[PDB]
$ cat my_file08.pdb   # PDB, C-alpha atoms and all ligand atoms
ATOM      1  CA  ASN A  22    -124.372-217.471 143.007  1.00  0.00           C
ATOM      2  CA  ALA A  23    -124.975-217.544 139.259  1.00  0.00           C
ATOM      3  CA  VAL A  24    -128.640-218.633 139.714  1.00  0.00           C
ATOM      4  CA  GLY A  25    -129.251-215.002 140.610  1.00  0.00           C
ATOM      5  CA  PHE A  26    -127.638-213.774 137.383  1.00  0.00           C
ATOM      6  CA  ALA A  27    -129.343-212.662 134.198  1.00  0.00           C
ATOM      7  CA  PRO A  28    -127.857-214.119 130.959  1.00  0.00           C
ATOM      8  CA  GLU A  29    -128.329-210.784 129.155  1.00  0.00           C
ATOM      9  CA  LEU A  30    -126.420-208.659 131.723  1.00  0.00           C
ATOM     10  CA  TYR A  31    -122.649-208.229 132.093  1.00  0.00           C
ATOM     11  CA  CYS A  32    -120.785-211.587 131.747  1.00  0.00           C
ATOM     12  CA  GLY A  33    -124.086-213.521 131.675  1.00  0.00           C
ATOM     13  CA  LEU A  34    -124.016-216.702 133.771  1.00  0.00           C
ATOM     14  CA  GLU A  35    -120.333-216.188 134.671  1.00  0.00           C
ATOM     15  CA  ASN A  36    -119.093-213.757 137.270  1.00  0.00           C
ATOM     16  CA  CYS A  37    -116.877-211.158 135.467  1.00  0.00           C
ATOM     17  CA  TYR A  38    -114.229-211.306 138.259  1.00  0.00           C
ATOM     18  CA  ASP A  39    -114.016-215.101 137.682  1.00  0.00           C
ATOM     19  CA  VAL A  40    -113.805-214.613 133.917  1.00  0.00           C
ATOM     20  CA  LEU A  41    -110.562-212.679 134.373  1.00  0.00           C
ATOM     21  CA  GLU A  42    -109.401-214.835 137.343  1.00  0.00           C
ATOM     22  CA  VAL A  43    -109.206-211.715 139.538  1.00  0.00           C
ATOM     23  CA  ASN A  44    -110.404-211.466 143.112  1.00  0.00           C
ATOM     24  CA  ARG A  45    -113.068-208.875 144.042  1.00  0.00           C
ATOM     25  CA  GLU A  46    -111.644-208.538 147.558  1.00  0.00           C
ATOM     26  CA  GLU A  47    -108.062-207.954 146.299  1.00  0.00           C
ATOM     27  CA  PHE A  48    -108.981-205.893 143.238  1.00  0.00           C
ATOM     28  CA  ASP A  49    -106.987-203.148 141.610  1.00  0.00           C
ATOM     29  CA  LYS A  50    -106.833-201.764 138.096  1.00  0.00           C
ATOM     30  CA  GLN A  51    -103.215-202.724 137.557  1.00  0.00           C
ATOM     31  CA  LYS A  52    -103.907-206.420 138.272  1.00  0.00           C
ATOM     32  CA  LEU A  53    -107.140-206.221 136.234  1.00  0.00           C
ATOM     33  CA  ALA A  54    -105.343-204.843 133.159  1.00  0.00           C
ATOM     34  CA  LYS A  55    -102.583-207.482 133.365  1.00  0.00           C
ATOM     35  CA  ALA A  56    -105.215-210.281 133.652  1.00  0.00           C
ATOM     36  CA  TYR A  57    -107.242-208.918 130.726  1.00  0.00           C
ATOM     37  CA  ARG A  58    -104.212-208.514 128.456  1.00  0.00           C
ATOM     38  CA  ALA A  59    -103.002-212.095 129.129  1.00  0.00           C
ATOM     39  CA  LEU A  60    -106.443-213.710 128.615  1.00  0.00           C
ATOM     40  CA  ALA A  61    -107.205-211.530 125.539  1.00  0.00           C
ATOM     41  CA  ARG A  62    -103.901-212.713 124.039  1.00  0.00           C
ATOM     42  CA  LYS A  63    -104.748-216.328 124.871  1.00  0.00           C
ATOM     43  CA  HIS A  64    -108.210-216.206 123.264  1.00  0.00           C
ATOM     44  CA  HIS A  65    -107.372-213.948 120.330  1.00  0.00           C
ATOM     45  CA  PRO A  66    -108.490-215.512 117.024  1.00  0.00           C
ATOM     46  CA  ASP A  67    -105.159-214.670 115.277  1.00  0.00           C
ATOM     47  CA  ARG A  68    -103.675-217.511 117.373  1.00  0.00           C
ATOM     48  CA  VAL A  69    -105.689-220.195 115.566  1.00  0.00           C
ATOM     49  CA  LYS A  70    -105.617-221.116 111.872  1.00  0.00           C
ATOM     50  CA  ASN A  71    -109.019-222.455 110.820  1.00  0.00           C
ATOM     51  CA  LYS A  72    -112.167-220.413 110.317  1.00  0.00           C
ATOM     52  CA  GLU A  73    -114.331-222.470 112.684  1.00  0.00           C
ATOM     53  CA  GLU A  74    -111.797-222.284 115.550  1.00  0.00           C
ATOM     54  CA  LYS A  75    -111.340-218.541 114.961  1.00  0.00           C
ATOM     55  CA  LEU A  76    -115.110-218.113 115.531  1.00  0.00           C
ATOM     56  CA  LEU A  77    -114.898-220.135 118.762  1.00  0.00           C
ATOM     57  CA  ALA A  78    -111.937-217.991 119.916  1.00  0.00           C
ATOM     58  CA  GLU A  79    -113.881-214.775 119.054  1.00  0.00           C
ATOM     59  CA  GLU A  80    -116.824-216.119 121.057  1.00  0.00           C
ATOM     60  CA  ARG A  81    -114.699-216.449 124.179  1.00  0.00           C
ATOM     61  CA  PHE A  82    -112.750-213.247 123.486  1.00  0.00           C
ATOM     62  CA  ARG A  83    -116.073-211.351 123.618  1.00  0.00           C
ATOM     63  CA  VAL A  84    -116.644-212.505 127.198  1.00  0.00           C
ATOM     64  CA  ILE A  85    -113.078-211.570 128.238  1.00  0.00           C
ATOM     65  CA  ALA A  86    -113.587-208.062 126.760  1.00  0.00           C
ATOM     66  CA  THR A  87    -117.029-207.678 128.453  1.00  0.00           C
ATOM     67  CA  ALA A  88    -115.480-208.619 131.842  1.00  0.00           C
ATOM     68  CA  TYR A  89    -112.731-206.029 131.417  1.00  0.00           C
ATOM     69  CA  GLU A  90    -115.151-203.288 130.279  1.00  0.00           C
ATOM     70  CA  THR A  91    -117.401-203.980 133.276  1.00  0.00           C
ATOM     71  CA  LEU A  92    -114.615-203.983 135.847  1.00  0.00           C
ATOM     72  CA  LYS A  93    -112.267-201.277 134.471  1.00  0.00           C
ATOM     73  CA  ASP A  94    -114.912-198.551 134.344  1.00  0.00           C
ATOM     74  CA  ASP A  95    -115.523-197.209 137.872  1.00  0.00           C
ATOM     75  CA  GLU A  96    -119.256-196.589 137.375  1.00  0.00           C
ATOM     76  CA  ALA A  97    -119.898-199.951 135.629  1.00  0.00           C
ATOM     77  CA  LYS A  98    -117.949-201.732 138.409  1.00  0.00           C
ATOM     78  CA  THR A  99    -119.957-199.974 141.154  1.00  0.00           C
ATOM     79  CA  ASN A 100    -123.169-201.042 139.319  1.00  0.00           C
ATOM     80  CA  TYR A 101    -121.805-204.570 138.862  1.00  0.00           C
ATOM     81  CA  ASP A 102    -120.896-204.986 142.514  1.00  0.00           C
ATOM     82  CA  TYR A 103    -124.376-203.748 143.513  1.00  0.00           C
ATOM     83  CA  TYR A 104    -125.938-206.332 141.148  1.00  0.00           C
ATOM     84  CA  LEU A 105    -123.810-209.133 142.634  1.00  0.00           C
ATOM     85  CA  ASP A 106    -124.847-207.997 146.148  1.00  0.00           C
ATOM     86  CA  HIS A 107    -128.551-207.370 145.386  1.00  0.00           C
ATOM     87  CA  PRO A 108    -129.746-209.971 142.841  1.00  0.00           C
ATOM     88  CA  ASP A 109    -133.374-209.454 143.884  1.00  0.00           C
ATOM     89  CA  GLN A 110    -133.368-205.799 142.782  1.00  0.00           C
ATOM     90  CA  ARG A 111    -134.101-206.799 139.185  1.00  0.00           C
ATOM     91  CA  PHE A 112    -135.509-203.607 137.745  1.00  0.00           C
ATOM     92  CA  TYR A 113    -132.863-201.400 139.363  1.00  0.00           C
ATOM     93  CA  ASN A 114    -130.006-203.665 138.129  1.00  0.00           C
ATOM     94  CA  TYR A 115    -131.363-203.841 134.608  1.00  0.00           C
ATOM     95  CA  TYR A 116    -131.972-200.072 134.570  1.00  0.00           C
ATOM     96  CA  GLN A 117    -128.404-199.279 135.756  1.00  0.00           C
ATOM     97  CA  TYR A 118    -126.915-201.670 133.164  1.00  0.00           C
ATOM     98  CA  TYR A 119    -128.885-200.212 130.257  1.00  0.00           C
ATOM     99  CA  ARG A 120    -128.645-196.543 131.444  1.00  0.00           C
ATOM    100  CA  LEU A 121    -124.869-196.636 131.419  1.00  0.00           C
ATOM    101  CA  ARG A 122    -124.824-198.066 127.911  1.00  0.00           C
TER     102      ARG A 122
HETATM  103 CL    CL B 201    -124.352-216.919 129.861  1.00  0.00          CL
END

$ encode --input "my_file08.pdb" --output "structure tokens" --more "lines below"
Ligand SMILES: [Cl-]
Amino acid sequence: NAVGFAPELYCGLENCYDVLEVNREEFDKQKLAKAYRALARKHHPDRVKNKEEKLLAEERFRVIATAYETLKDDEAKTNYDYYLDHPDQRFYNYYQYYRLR
């Protein structure tokens, strides 16, 4: 439930698993990498000609890359899953996010 999310953490008001169209319950790193590479290709700014559309592509690309960075790193993913599961533990979740970075 994205009402429990903080805009400044992780994928903001999207769930990073949803961003990459991967399933938390059927997760593995092979599937995650394939999903990232396909969506990164799709949203890459080289694929569009004009300056304004390239900015819009970069905007989305940033989210795709954040989702992959969060889920591919074992420690970040453990922190992320805890955050999803414990939205009321605000200080702890913020601390773990910023500590890792
Ligand atoms: Cl957001």

$ closest_residue --input "my_file08.pdb" --among "A:104, A:31, A:82, A:116" --to "ligand CL 201 (chain B)" --atoms "only C-alpha atoms and all ligand atoms"
A:31

$ residues_near_ligand --input "my_file08.pdb" --ligand "ligand CL 201 (chain B)" --cutoff "8 Å" --atoms "only C-alpha atoms and all ligand atoms" --output "PyMOL selection string"
chain A and resi 27-29+32-35

$ resolve_selection --input "my_file08.pdb" --expression "the PyMOL selection byres (((chain A and resi 81) around 10) and not hetatm)" --output "MDAnalysis selection string"
chainID A and resid 40 60:61 63:66 76:80 82:86

$ axis_aligned_box --input "my_file08.pdb" --around "segment 62-78 of chain A" --padding-each-side "5 Å" --output "JSON"
{"center_x": -109.4, "center_y": -217.6, "center_z": 117.6, "size_x": 21.4, "size_y": 19.8, "size_z": 24.6}

$ atom_distance --input "my_file08.pdb" --atom1 "atom CA of residue 49 of chain A" --atom2 "atom CA of residue 67 of chain A"
28.8 Å

$ closest_residue --input "my_file08.pdb" --among "A:112, A:102, A:93, A:26" --to "residue 52 of chain A" --atoms "only C-alpha atoms"
A:93

$ atom_distance --input "my_file08.pdb" --atom1 "atom CA of residue 100 of chain A" --atom2 "atom CA of residue 41 of chain A"
17.9 Å

$ atom_distance --input "my_file08.pdb" --atom1 "atom CA of residue 103 of chain A" --atom2 "atom CA of residue 117 of chain A"
9.8 Å

$ closest_residue --input "my_file08.pdb" --among "A:90, A:38, A:23, A:47" --to "residue 108 of chain A" --atoms "all atoms listed in the file"
A:23

$ closest_residue --input "my_file08.pdb" --among "A:54, A:25, A:39, A:30" --to "residue 115 of chain A" --atoms "only C-alpha atoms"
A:30

$ closest_residue --input "my_file08.pdb" --among "A:43, A:121, A:24, A:53" --to "residue 105 of chain A" --atoms "all atoms listed in the file"
A:24
